[PDB]
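Enquirer: Give me a model of this one.
(5 chains)
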Amino acid sequence: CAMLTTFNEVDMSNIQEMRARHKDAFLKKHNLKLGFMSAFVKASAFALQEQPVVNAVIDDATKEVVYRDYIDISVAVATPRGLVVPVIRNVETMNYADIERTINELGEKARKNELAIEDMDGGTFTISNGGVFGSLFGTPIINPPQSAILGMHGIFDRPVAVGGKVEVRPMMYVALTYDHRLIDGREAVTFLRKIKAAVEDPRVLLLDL
Amino acid sequence: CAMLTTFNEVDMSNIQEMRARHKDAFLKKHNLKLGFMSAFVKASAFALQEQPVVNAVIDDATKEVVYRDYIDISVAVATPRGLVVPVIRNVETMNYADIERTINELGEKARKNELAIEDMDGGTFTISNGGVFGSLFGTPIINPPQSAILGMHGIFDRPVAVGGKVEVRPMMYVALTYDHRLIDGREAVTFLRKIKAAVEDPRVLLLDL
Amino acid sequence: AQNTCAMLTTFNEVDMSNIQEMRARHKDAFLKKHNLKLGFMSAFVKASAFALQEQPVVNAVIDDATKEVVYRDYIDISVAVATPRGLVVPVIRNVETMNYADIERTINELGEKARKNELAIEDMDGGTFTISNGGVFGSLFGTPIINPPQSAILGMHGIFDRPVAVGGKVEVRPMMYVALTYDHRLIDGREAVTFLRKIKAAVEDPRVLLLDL
Amino acid sequence: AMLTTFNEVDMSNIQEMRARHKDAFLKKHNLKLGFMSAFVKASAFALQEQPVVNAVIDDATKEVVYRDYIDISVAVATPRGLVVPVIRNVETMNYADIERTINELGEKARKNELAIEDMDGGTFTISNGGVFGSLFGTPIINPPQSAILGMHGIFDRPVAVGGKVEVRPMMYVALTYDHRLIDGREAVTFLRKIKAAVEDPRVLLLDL
Amino acid sequence: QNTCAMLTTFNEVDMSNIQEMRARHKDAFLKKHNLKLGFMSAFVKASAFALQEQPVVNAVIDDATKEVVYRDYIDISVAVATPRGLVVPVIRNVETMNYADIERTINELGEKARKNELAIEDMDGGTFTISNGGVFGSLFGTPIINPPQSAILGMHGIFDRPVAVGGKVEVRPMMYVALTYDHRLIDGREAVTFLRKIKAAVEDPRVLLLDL
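Expert: Residues are numbered from 1 along each chain as shown, chains lettered A, B, ... in the order given. Below, you will see the structure:
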């Protein structure tokens, strides 16, 4: 076991304003609640596209890097009974209108206990959300056999310096645990920073920066 | 022939913001510059996706409405010898970066004039960027065999009303000339409204309203 | 359309301060008295009737078979309804008598009939003037399609808050563009411009209808 | 095994108490008031709320042993090194008794006359790393317990309370817990309960 | 994090003085000594004078089967880490106690170009006491490192961010950095780690306790 964790801060204001502006029409059309988790899942998929090493795995049996091209992100909808990780498959071709549908169905499966065995294995990324309980920032545990996991924590209003001026903005601490045997610090730090950039400004997803 | 025209106005404040913040990154990553045209092409593609009637064309030989799953926008490119209307195919599977790259390669082909006819046929929707030459608004001419075209114009700073206040915002007119036989009043204005919405904030495209 | 016939659509802006403020401070009594609704449809229809009375040429239709102008007298405003199955255009006859309330009653009746798909072919055609609505779907302005054999059509669009200079100072006022697609073969530029300006004057200040100006 | 999660506590009520009740303690109990007792009692309240954090995995026979007694193993600094005495049955003591036990353990520790029966049997550890001046960090779980709450320095830091920026005495609180017994949500709610109890001592009275 | 007793403790460092130092003296170094002022020359020095008092960090756990007796080394040698594209190596300064800030940067920079051209001899990487993880590349918040064995302790490089802070009970936005230090619990006490964390962050904002 070798878990290396890097933290970073994500400005939550842009996506909250987008939700407040577009929640009504989105709920009217797709019958879904607009949430901040779809933005994070899409950003994770995008950053995984840019940096495929985070998507790979090293087989301890043969000591060789095993690259994966398909992107599957497992979300944590952990039931009061215990921790459960439903898997979203092929997230690289979904928008914000999707993902929300998929997480809703997977949560429904978890509540009604149709979460079969195959729905929690074969994931390439994990987006465990411990912020629904108000955690400031903590270090999650790498889910085997995956090589990374992104931890989303609670949103709180803290003063942040913007252009030399103190402003109160809603900010999220985000964690990323990686195995240094495969991912070096440069790669994981860049990956987390790029996730932060994609969540902070959703237009880069359209610009492909 | 039987062409009707309807108008609206688009506020390019988010497009201006995203071209004020994401030019250095776009140039460093793609060796290419960012422009207004990609936003309008993507907005037209999204509107045609969510309203397949305008995407369809009535063939005069058999008087049949013909639907097409694919979308290919006939963007006009400026050349010293004469205006040309090439076609960029499958607009539904590309982001702003891909639109910019195909428009740049099309322009660099047109400058030295190696454009074959294979890149000029098969049009579904035409956009004429008349903003290079200062134009307030006016009725554009369609390029058949397609049904309706969207005519862009120049972007001028004009005073508008946002919450009762008067501020100067970069705002331009849009005209959608449509074949009145197939498209009636409601879709001819809803199409333009959706284009307006997707250009005012690109986050609608990502959120898929 | 464009080349098929003579459109020559003319445009004007109509402020909605008077009508909107009136309905804002007159709607409860109307709901307690007739019980339907209160809208600007009745105001625009009656203003069109007034302007059509003042300018009888726009009421007259041409007869291409004989090249004879037919000076129709009864005002037959044919309004449009944005039904789920596209759009339908019923008709209202003898508009001059109704003031605001009877036009509103006929509008409500015809809308309920169209929603129920009971609009008979009788009260569907034969109008002398048409009014379209591209206002429910907010459109800044557009070119209306002339409904034949009628000779003109009103194409009012949505109402937007825009900064408008009144007395040298910029103040935000509820504006809206209105279009008129006439027939240049019969109506000149002067007549169509005067028509649009008279409708603008009769909607900007409804007391003109009482004053007959 | 070891895994940690962090949070922050606004230490405004405790400093106000120490400001308004230091002389009353000095002249009624002959001991010095401190913010140790607030955290010990908050930890006791959280342990009583969640018995899972008070449990232990026995590697001898792979069993989950529950303990009814609550014992916080406070850390006492000595020149010879680091000695950790265990204060017993914390449920039945208020701030005064916690302070008395801490003073007694300090007096007995400085004299090198703390016996082996006073080291063992602990069920929860608290490591005050703030006497040296740390911002935050990771504590280690001393065997055979299951969690440790480490405190850090109390630093005046600007916080957005009510939408305005003000300088307030805040410290970072972290607990390191094993994942084989305590889940992530349990640890987060445990730390938040400690935060609530220290931030508002009247919660301990209201039992919520 | 388990590995071998790999806890971590965190702190912050004030870098208003150093950038104030560098905003006035950059031209002098370029003229007299032809090299540029960086950050590591302050952190590599702050660590070195933090080790000359408490040499338990210089101690390593060696002999047969590891834990037998301390091995105190009277020499200080800091292993700064520099990034290539060919995997980050850790270059190392020898007998660096007796040499000042400039000799720390001349040694660093010319030795940086010494590995930009792959002119490397393995004799220049012997197992010395201590590594200072040089992470001044990628603008992020708080890392955990992995004490580059056999080294016993480890330093971080975190990044300067404009952060609102309370200076003298007043809010004064300054651009700040965080730091951690990853200590092997075995024969390295928790309390002594905070003291060296503080002083490696005290000799940094007030550069003149190096003279005291």
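
Enquirer: For chain E, what is the nearest residue in chain A?
Expert: In chain A, the residue found nearest to chain E is residue A:161; the distance is 3.7 Å by CB to the nearest CB. In this view, the C-beta of every residue, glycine as well, is placed from N, C-alpha and C.

Enquirer: Thought residue E:171 was touching that residue, still the case?
Expert: No. Residue A:161 sits out of contact with residue E:171 when judged by CB atoms under 8 Å, with a separation of 10.0 Å.

Enquirer: Mutual contacts of those two, please.
Expert: Both residue A:161 and residue E:171 are contacted by residue E:164, under the criterion CB atoms under 8 Å, 6 or more residues apart in numbering or on different chains.

Enquirer: For chain A, give the residue positioned nearest to chain D.
Expert: Here the residue of chain A nearest chain D is residue A:138; by CB to the nearest CB that distance is 3.0 Å.

Enquirer: Quick check: residues of chain A near chain D?
Expert: Residues of chain A found near chain D (CB under 8 Å from any CB of the partner chain) are A:78, A:82-83, A:128, A:130, A:133-141, A:156-159, A:166, A:168.

Enquirer: Just list the residues touching the residue nearest to the spatial centre of chain A, thanks.
Expert: Centroid-nearest residue in chain A, with CA atoms, centre = their mean: residue A:127, separated by 3.9 Å. Going by CB under 8 Å, 6+ apart, residue A:127 touches A:37, A:40-41, A:44, A:73-76, A:149-150, A:152.

Enquirer: Give me the contacts around the longest helix along chain A.
Expert: When chain A is scanned for its longest helix (criterion: DSSP state H), the result is helix A:13-30. Residues from elsewhere that reach helix A:13-30 (CB under 8 Å, 6+ apart): A:32-36, A:39, A:97, A:100-101, A:155, A:169-170, A:199-202, B:203-204, B:207, B:209.

Enquirer: Out of those residues, list just those in helices.
Expert: If you go by DSSP H, those have A:39, A:97, A:100-101, A:199-200, B:203-204, B:207 in helices.

Enquirer: Max pairwise distance over those: which two?
Expert: A:101 and A:200 (24.3 Å; CB to CB).

Enquirer: between those two, who's got more neighbours?
Expert: Shown here are residue A:101 and residue A:200; by other CB atoms under 10 Å in any protein chain shown, residue A:200 has more neighbours (18 against 14).

Enquirer: For residue A:56, which residues are in contact?
Expert: A:65-68, A:147, A:182.

Enquirer: Also residue A:84?
Expert: A:76-78, A:110, A:115, A:120.

Enquirer: Redo those as a markdown table? Include distance to chain B and neighbour count.
Expert: Formatted as a markdown table, those follow (distance: CB to the nearest CB, whole Å; neighbours: other CB atoms under 10 Å in any protein chain shown):
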| residue | distance to chain B | neighbour count |
| --- | --- | --- |
| A:76 | 23 | 20 |
| A:77 | 22 | 22 |
| A:78 | 27 | 18 |
| A:110 | 25 | 19 |
| A:115 | 27 | 20 |
| A:120 | 28 | 15 |
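
Enquirer: need those in TSV with distance to chain E, can you?
Expert: TSV is the format used below for the contacts of residue A:84 (distance: CB to the nearest CB, whole Å):
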residue	distance to chain E
A:76	20
A:77	26
A:78	22
A:110	29
A:115	30
A:120	24
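
Enquirer: For chain A, what lies in contact range of chain B?
Expert: Neighbours of chain B within chain A, by CB under 8 Å from any CB: A:18, A:22, A:25-26, A:29, A:34, A:42, A:95-98, A:201-209.

Enquirer: let's see 10 Å
Expert: A:14-15, A:17-19, A:21-22, A:25-26, A:28-30, A:34, A:38-39, A:42, A:50, A:93-98, A:100, A:197, A:201-209 (CB under 10 Å from any CB of the partner chain).
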